[PDB]
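See below for the structure under consideration.
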Amino acid sequence: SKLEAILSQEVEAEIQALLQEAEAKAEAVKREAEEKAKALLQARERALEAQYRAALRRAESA
Amino acid sequence: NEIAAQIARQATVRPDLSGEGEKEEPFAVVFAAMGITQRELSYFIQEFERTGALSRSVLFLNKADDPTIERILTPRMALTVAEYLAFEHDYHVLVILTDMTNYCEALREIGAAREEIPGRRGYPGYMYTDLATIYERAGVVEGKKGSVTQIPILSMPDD
Ligand SMILES: Nc1ncnc2c1ncn2[C@@H]1O[C@H](COP(=O)(O)OP(=O)(O)O)[C@@H](O)[C@H]1O
């Protein structure tokens with residue numbers, strides 16, 4: 001009834017705070033998980049670019 | 001050989017810390033070699049053709065199957081070239097003199113065809129003057145911009 005609903009609503013407020021801490025926990029994982037993915041992609045294209053510049057200076061000196 | 005090739009690959013002079021101005025002249029390399037086998041010569045040639053140094057380096061190769069007395073001429077060949085290119089065209093020459101133990105055995109051989117009285121362990125009495133006349137053809141000159149920097153290599157026998 002309404003009385004059990006108010007009680008399970010207090011417990012649902014605890015549960016909602018529990019989902020909010022779990023959701024911000026998953027977010028605090030995956031924001032920087034996405035950003036380490038992009039940091040990998042950045043450093044990878046930069047290492048390839050270094051190899052490209054070495055290739056061009058070597059071919060033109062040959 | 002890897003440390004000498006690494007030095008000659010990346011040895012640069014810093015004008016950021018001295019106020020000279022950039023104007024950056026890289027190194028001519030006079031690479032003299034006396035009784036290298038093939039296994040070290042292929043290393044140095046692959047290293048130089050990779051890092052783009054065979055367009056600034058003059059190579060004096062005396063392999064270990066060439067006859068064992070023209071090692072007496074080879075450091076003098078390399079240093080005459082270095083003295084020219086440094087002190088009359090303003091280069092900044094780096095001379096790699098590979099494995100002077102082979103040179104010193106190359107003149108123990110000659111100095112014991114003449115029964116010349118030796119120093120210790122058979123090497124002749126005058127060898128200090130020959131190593132002196134090789135090594136002391138280096139250094140800078142007052143009034144000029146050239147230089148000769150020597151990295152000789154030694155292979156100490158019982159280290
Ligand atoms: N026939 C030879 N072949 C090779 N070396 C020699 C011969 N004769 C002498 N020598 C070496 O050269 C030196 C020659 O000295 P010496 O004949 O006394 O005066 P000079 O210095 O005018 O020749 C000796 O110390 C010897 O070791």
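We label chains A, B, ... in the order they appear in the structure tokens, count residues from 1 in each chain, and number ligands from 1 in the order shown.
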
Could you produce a table of the residues of chain A lying within 9 Å of chain B, with the nearest pair of atoms per residue and their separation in Å rounded to one decimal, using only C-alpha atoms, ordered by chain and increasing residue number, as JSON lines?
{"residue": "A:54", "atom": "CA", "partner": "B:51", "partner_atom": "CA", "distance": 8.8}
{"residue": "A:57", "atom": "CA", "partner": "B:52", "partner_atom": "CA", "distance": 8.4}
{"residue": "A:58", "atom": "CA", "partner": "B:52", "partner_atom": "CA", "distance": 6.2}
{"residue": "A:61", "atom": "CA", "partner": "B:52", "partner_atom": "CA", "distance": 6.8}
{"residue": "A:62", "atom": "CA", "partner": "B:52", "partner_atom": "CA", "distance": 7.9}

Ligand 1: which residues are within 6 Å, counting only C-alpha atoms and all ligand atoms, as a list in words?
residues 114, 115 and 116 of chain B

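Proximity to residue B:124 was assessed for B:38, B:25, B:75, B:108 counting only C-alpha atoms; the smallest distance is recorded for B:108.
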
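Within 10 Å of residue B:149, once only C-alpha atoms are used and residues closer than 2 positions along the same chain are dropped, the contacting residues are residues 27, 29, 82, 92, 93, 94, 95, 96, 137, 138, 139, 140, 147, 151 and 152 of chain B.
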
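The gap separating atom CA of residue B:34 from atom CA of residue B:74 is 7.3 Å, in Å to one decimal.
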
Non-local contacts of residue B:156 (12 Å; only C-alpha atoms; under 6 positions in same chain excluded) as a PyMOL selection string:
chain B and resi 99-102+104

Convert the current residue selection to file output with C-alpha atoms, as a tab-separated table (two decimals), in the first residue's frame.
chain	number	residue	atom	x	y	z
B	99	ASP	CA	91.29	-0.98	-33.27
B	100	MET	CA	94.77	0.37	-32.75
B	101	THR	CA	95.82	-3.02	-31.37
B	102	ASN	CA	95.94	-4.23	-34.95
B	104	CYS	CA	100.42	-1.85	-33.01

Across B:17, B:73, B:41, B:153, the smallest distance to residue B:98, with only C-alpha atoms counted, is shown by B:153

Give me, as a ChimeraX atom specification, the residues of stretch 4-150 of chain B that a backbone DSSP run labels alpha helix (DSSP H).
/B:4-10,41-51,74-87,100-111,127-135

From stretch 45-84 of chain B, collect each residue whose DSSP state is strand (DSSP E or B) and return the set as a PyMOL selection string.
chain B and resi 57-63

Kindly give the distance, in Å, that separates atom CA of residue B:113 and atom CA of residue B:37, rounded to a single decimal.
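Computing the Euclidean distance for atom CA of residue B:113 and atom CA of residue B:37 yields 25.3 Å.
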